[PDB]
Structure formats: C-alpha cells, structure tokens
C-alpha cells in the first residue's frame, strides 16, 4: 500500500496473507469458513512451491495468539484467466480445514447484487504490499481509504484506454494506492467486499493510472460453483 497508514491490529478479521514458501506473496480475503478469495496471477509460476494462508495476522513475523497458518487443499483459478490479461483475475483457495473463527478471524460478507459501486464511494483496501518505490515491505498490515472512480473516466485514453470492462472497477490512485504484494486483497465498501485487487503489473500512486479491482458481484455464480 502506498500513501496509507498502519492498520488497527485485527480490525479486519477477514484479511488473509497468501504465502509461498513461507513468505507473503499476495493478499486474500476469507469469504467462507474454508475459503479464501485472491487473484489468479498470484498462482502463476508457483507450481511445486508451497502455498499457505495466514489468518488472524497483523504482523507477518511476530507471534500473535490469533495467528494461524493454514495449508491449502485446492487452488482454483478462474477458468478464463490468462497470463497476459487482467480479466477474470480471481483465485479460490480451499483451506486444509475450516478456519477457527473468533474476534480476529471471520469471513466478510460479499456483494452478490451485480450493480456498480457509486463513483466517489470511499472504500478500504488493506495489504502487506510494498510501501515505496524502493520496494520496502512492511511487517504489519497497512490500509488506505480510496474513492471509487467512474468507469468512463477510468477508460479514457490517458488512463486505462478501454481496458475496464463491466466486470472491473477503479479507484483513485493519487499518492494513495494499492501496489505490488497487495494483489488479491480486498476492496471493502460499507462493510461489504466489492472488489479484489488485480495482480497485473501497474504503476502505483500515479493519479493517471487508477487502481483496478475485480468486481466480486460479477463472479457470484463462479464463487458459488467452486464452493459447491
């Protein structure tokens, strides 16, 4: 997260760290007792490498009573995801067992009605992604409040030049933004998950290149299908 602040420890009990070989790789969001939603490009070239999900965390390195590392039974990328596109960039991770729920570990309600979030709505994005251009990685969860940007402005030639489909949404990226390592994490509006940070390479904190998030409401039937 660029231009954000350290999050209040355990105030976002749905926040997951998707890990590869014991290091943070991507964000994720607990959407059911046994399921974490993240981004499909996080899984790219990770074959053989061990994927785990850390729940109940604030610090990535320090012991916390609520922290628990879960192994992954199944990793299910969206079938239409492709390495060279930002489309259908979702991944469902089935934990090895149902997560132990409590005040620091709880699934987040997610949007099932396929209607756009209104432009200007203030949404929250959290993650352990880089915090500066040098690539500094924070030990503790960071977050930033970002206003939703209307799709037509986001699609302008100077911005994302038509790449923003009805299945995607944008948020302002003026000095405050998601970045590398935040991919897969949640965009929460009014206490409901609305988007998942995309995982394609993009500049961070440049107002001319808004943040891109996959609209979960646009994938409600796929999420249901995988869990069933």
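Residue numbers count along the first chain shown, from 1. In this text, rigid core is short for the largest set of C-alphas that superpose within 1.5 Å between two forms.
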*Please pick 182-190 or 198-206, whichever has its Cα atoms farther from the shown form in 7 other deposited structures of this protein after a rigid core fit.*
198-206
*Between 113-121 and 90-98 (mean CA B-factor, as deposited), the higher*: 113-121
*Entry-level comparison of average CA B-factors, 170-178 and 22-30, reporting the higher stretch*: 170-178
*Report the option among 165, 38, 59, 66 whose CA atom has the maximum B-factor in the deposited record.*
66
_Highest-ranked of 47, 54, 192, 197 once sorted by CA temperature factor in the record_ = 47
*Place residue 138 in the lowest, middle or highest third of its chain's C-alpha B-factors, as listed in the PDB entry.*
middle
*By its CA B factor, does residue 147 count among the lowest, middle or highest third of the modelled residues in the chain?*
middle
_residue 212 - which third its CA temperature factor falls in, relative to the rest of the chain_ = lowest
*asked:* Based on the deposited C-alpha B factors for this chain, I'd like to know if residue 16 is in the lowest, middle or highest third.
replied: lowest
_Chain-relative CA temperature factor third for residue 157_ = highest
